[PDB]
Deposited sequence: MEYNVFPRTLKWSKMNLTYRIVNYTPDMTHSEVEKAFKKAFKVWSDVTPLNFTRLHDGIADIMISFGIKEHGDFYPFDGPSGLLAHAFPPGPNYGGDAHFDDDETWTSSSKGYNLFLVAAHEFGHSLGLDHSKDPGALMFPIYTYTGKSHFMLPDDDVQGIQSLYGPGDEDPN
C-alpha cells in the first residue's frame, strides 16, 4: 500500500518545463536565459534536474497571459497580481503563469523576469511564502543573486541537498 506524501512535492528528481509562449517585452533568448537561470537557483542546492521540452506535456508549463487565461486566478491588468504558480501535482500543478500586462525585463526596470520566475518556481516546487524579509519567497518583490538561507533550508526540507560540494 501507499499513503499520500506529507507535503506537496514532486516524487521524482527529473522535472521538465516548457515555455509555451513568449512575452512581447524581451527576446526569446533573454526569456530562455532568465528561466534557465531561475531553475538553476533551485537545482544548485537540491538533487533536482530540469530539462526543457519544446512542445508536448512538461511538468512545469510556463506561459504569458492576461486577464482570464484558463484557471481560477485571472490576471488583473497592469500592476497588482504579477504572476502565479501552482504547487506540485498533476496537470496545472507546477505550472507558472506571468501577467503580460506587466513589463518584464532583463534589467532593474519593470519586473525582472529572472527574479520573479525564481520565486514562481519556488511555488512550483512546493514552497509557499516566507516571513523572512530577505528570502526569495518573501511575498513582496524588491529588485549577483545568491539564494538566501531561508529558501535553501525550505527547498532542502523537501528534496534534500543533492551534492553538497
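- Counting from 1 along the deposited sequence, what's missing? Deposited residues absent from the model fall in 1-2, 146-149, 172-173.
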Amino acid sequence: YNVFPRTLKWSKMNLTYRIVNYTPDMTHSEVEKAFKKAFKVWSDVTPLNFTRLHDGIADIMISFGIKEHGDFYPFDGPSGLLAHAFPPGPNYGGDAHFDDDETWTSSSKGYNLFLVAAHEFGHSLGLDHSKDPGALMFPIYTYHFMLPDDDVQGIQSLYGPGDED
From here on, numbers count along this sequence of modelled residues.
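Rigid core here is just the name for the largest C-alpha set that superposes within 1.5 Å across the two forms.
- Rigid core fitted first, then name the stretch among 35-43 and 65-73 whose C-alphas deviate most from the displayed form in 6 other deposited structures of this protein. When 35-43 and 65-73 are compared in 6 other deposited structures of this protein, the bigger C-alpha shift is seen for 65-73.
- Item | 66-74 versus 50-58 - greater average Cα B-factor per the deposited record | Between 66-74 and 50-58, it is 50-58 that shows the higher mean C-alpha B-factor.
- Task: Output the stretch having the higher mean C-alpha B factor in the entry; the candidates are 35-43 and 101-109.
- Result: The recorded data point to 101-109.
- Task: Go through 140, 127, 118, 96 one by one and give the residue whose Cα B-factor in the PDB entry is largest.
- Result: Comparing C-alpha B-factors across 140, 127, 118, 96, the maximum falls on 140.
- Query: Split the chain's modelled residues into thirds by Cα B-factor; is residue 19 in the lowest, middle or highest one?
  - Reply: Residue 19: CA B-factor falls in the lowest third of its chain.
- Query: With respect to C-alpha B-factor, does residue 131 fall in the lowest, middle or highest third of the chain as deposited?
  - Reply: Highest third.
- Third of the chain, ranked by Cα B-factor, where residue 11 sits: According to the entry, residue 11 has a C-alpha B-factor in the chain's highest third.
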